[PDB]
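To keep things clear, I will list the structure first and then write my remarks on it.
Numbering (the authors' numbering), first residue to last: 4 to 41.
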């Protein structure tokens with residue numbers, strides 16, 4: 004994307020490792036939030 008981000012692949016992997024059960028609660032709400040934020 005910007006430069007490399009290969010060495011710190013864990014920094015980005017984390018966003019897909021511990022974000023699973025974290026984003027799962029948001030992916031459903033945020034989706035509806037976009038079309039029904041209020």
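The beta-carbon is built from N, C-alpha and C at its ideal position, and this holds for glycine as well.
Residue 17 carries a helical assignment under DSSP once its states are collapsed to helix, strand and coil.
Between residue 15 and residue 8 the beta-carbon gap is near 6 Å, inside 8 Å, which marks them as a contact. Residue 33 has its alpha-carbon roughly 9 Å from the corresponding atom of residue 39.
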